[PDB]
Structures are given as C-alpha cells and as structure tokens.
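Next comes just one chain, in structure tokens: the form deposited in one PDB entry.
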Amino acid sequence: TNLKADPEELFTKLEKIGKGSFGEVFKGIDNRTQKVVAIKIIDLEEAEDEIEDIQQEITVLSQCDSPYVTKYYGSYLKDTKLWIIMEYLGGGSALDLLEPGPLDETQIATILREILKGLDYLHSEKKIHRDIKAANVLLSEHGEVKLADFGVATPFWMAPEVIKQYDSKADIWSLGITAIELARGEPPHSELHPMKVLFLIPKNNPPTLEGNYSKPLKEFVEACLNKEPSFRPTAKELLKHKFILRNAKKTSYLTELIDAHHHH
C-alpha cells in the first residue's frame, strides 16, 4: 500500500463505472502520464469485516504479471478511504457486450480462448480465479480480453464441490457456465431464487447448452460441466478443443462487438 502520497493529487477522478466489490469504482486520469485508470474507493470505516478479503485480492493481483489479467498499479490510504488503482479497460465487460444481441460462435470461441489463456496462466502459477463469469471478463478498446474481480478465498456460476466444500478444476466448471452465458445470455437457472439454485447445482445433472448451436460448442460445454472434477479437462487441453481451434479468430475482430455496443 502507500500511506505517504495523496491519491487525489496523483489522480483525477471522473465518472463512476458502476459499483463493485466493497466500494464504488471510477474512471480516472493518472495526472503524470494522463493514461486512463480505474479507481476503486473503499470506505474502511464502513467495511470492518471485509478488510482481510480486500488485502487478499490486493496480494493476488500484485503477484500477477500477464496480458490476460487486469494490471494492478497500487493502493493508497487517504483519511478513511482506500484508493485502489488498476488499468482502465475501455471495451467494457463481456456481459455488457451481450446487450445488443446474440454473439456468434466465432465471438464466443474468441472470448473463451482468451479466458482459457488467463486460466492457464493463473493455474500454472498455482492460483484459482474463483469467480469466472462474463461480468468479470473485461475487454480493452482494441479487443484484448482480461480477467478481473477475483473471488474471495450469487451461486449460478459455482461448481458443485464449491457449494458442498476444491482446486483449479472449479474454474473449469465456471468456464462452462460462462460458455452457456455467452451463447444464451444468462447462466442456467437464472430465473430461480438463488437459495433454490444452491441445492439445485449439487442435486441435478450438469447443465447442457440448449438450442441451435454447433456440436463442438455443445461438447465444449459438456466437457467443462462434469460433476466429477477430475473428468474436467485442464485449460491447456481446452485451448486445443476443436470448438476453439475451428472457430476462434484474432481478438482485434472483437472491436466490431465493442462498436456495436456503442451504437446500441
């Protein structure tokens, strides 16, 4: 952290880009470089019991050096408020980019491939993301895809063994749910009360992708969504999955999807 410097001098705080984990988040300008940053501001008086989780995510983010994990720039204490500075990703979240209409399987495969590259990095570093979902996948204005909002060490994306109380294979399950979310717009059971979903996920057979989607994509989903974690493939293996190989294209193509969300 940094208790000496004054973040309100070092950064110009602009519009809020939504609420987030434990505080409000703002677009802002690093006044020395004029690069755009995301600023999360947490009132530490208003969040006693959550502070340890806050630090835990600070530690994990600071240990990540990858093109597929949102860059962390540091944190500052000003009076009661903790400022946390990350890079700003101007394309928005994958969830946002679902609004104008359905994604095609090229777009789905491209986003899934970049997520897999992030999970391969994290898992190779003996880390677990713990909250893979479309709302936690951020795109740069050039279409690069990055992971954010790590979960702490809502049920729809949770693996059954997480609910019952796991390793990196829990991220593979969440990726399967996220694949359904990117194809269909929402995860399985999204109409139901969360406490019903809490017993549905361990009780029921795994969700399947339903609709007129290609068979490789349905098999990609099925491969992720096996109740037995050891039967789930690794992220390295899924990077070679035929759905990915036959459908993913350059990430720069995803700028069309970002422009669409701007015209909507």
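Start at 1 with the first residue shown and count on from there. Under this definition, the rigid core comprises the largest set of C-alpha atoms superposing within 1.5 Å between the forms.
Not on display, but discussed next: the form deposited in another entry.
Tell me, with the core superposed, which single residue in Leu61, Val36, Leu209, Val197 has its C-alpha moved by at least 2 Å between the shown form and the other one.
Only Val36 moves by 2 Å or more at its C-alpha.
Core-aligned, does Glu45 move its Cα 2 Å or more between the shown form and the other one?
Shift of 2 Å or more: yes.
Once you overlay the rigid core, does the Cα of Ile17 travel 2 Å or further between the shown form and the other one?
Yes, the C-alpha moves 2 Å or more.
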